[PDB]
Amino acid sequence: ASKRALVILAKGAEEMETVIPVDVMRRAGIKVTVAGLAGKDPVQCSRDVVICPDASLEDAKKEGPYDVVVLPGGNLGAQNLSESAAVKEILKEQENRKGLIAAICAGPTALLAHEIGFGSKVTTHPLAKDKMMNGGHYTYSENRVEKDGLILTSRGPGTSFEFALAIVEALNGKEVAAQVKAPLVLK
């Protein structure tokens, strides 16, 4: 059975950090649902790319649970994720079932907001470090991708392929990740 990913798409999300993981995960044969935080309507990302979600979050959450919940960055997207009770509930449920939780750039700051994965080693965008670290609830890392416990984090648009491939590795294994990687012409 194919693994399943939920990608939560909020206004202000970083579109590169949304599309790279969606695309790479679909290359890996993962069933990905792009779920709109606000509803079924198109979402205006940080640099004005407009993406139409596969479903509302309201609907997607009733088709759970998922093998991974993915939080893109973009500062305003992460703020929107951080303010959402629906997101809080999805993440808590994922944590409780010991499922993978993945977040990139400022995305990890929504984990802080919702009190998810405290005690884990995490990375963020450099400019999001101080926010993430408020209270010392996580241990900070400068690795381009980090993984500790349930929590997989990464730093920025430029680490999005590595982040996505780490998700593929976690779900489908190293060999699939390597096979997906090769045609991409990564460095």
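In case it trips you up, residue 1 is the first one in the sequence shown, and so on. We call the rigid core the largest set of C-alpha positions that still match within 1.5 Å between the two forms.
The segment moving more, judged by mean Cα distance from this form in 6 other deposited structures of this protein after a core overlay, is 141-149 among 26-34 and 141-149. Of the two segments, 21-29 and 168-176, the one listed with the higher mean B-factor is 168-176 (C-alpha atoms only). As listed in the deposited structure, the average C-alpha B-factor of 57-65 and of 30-38 is greater for 57-65. Reading the B-factor column for the CA atoms of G158, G149, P126, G135 in the entry, the top value corresponds to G149. When the CA B factors of the chain's modelled residues are split into thirds, the value for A182 lands in the middle one. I8: CA B factor in the lowest third of modelled residues in this chain (values from the PDB entry).
When the modelled residues of the chain are ordered by C-alpha B-factor, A110 sits in the middle third. Compared with the other modelled residues of the chain, the Cα B-factor recorded for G99 ranks in the highest third. Ranked within its chain, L81 lands in the middle third, by CA B factor from the PDB record.
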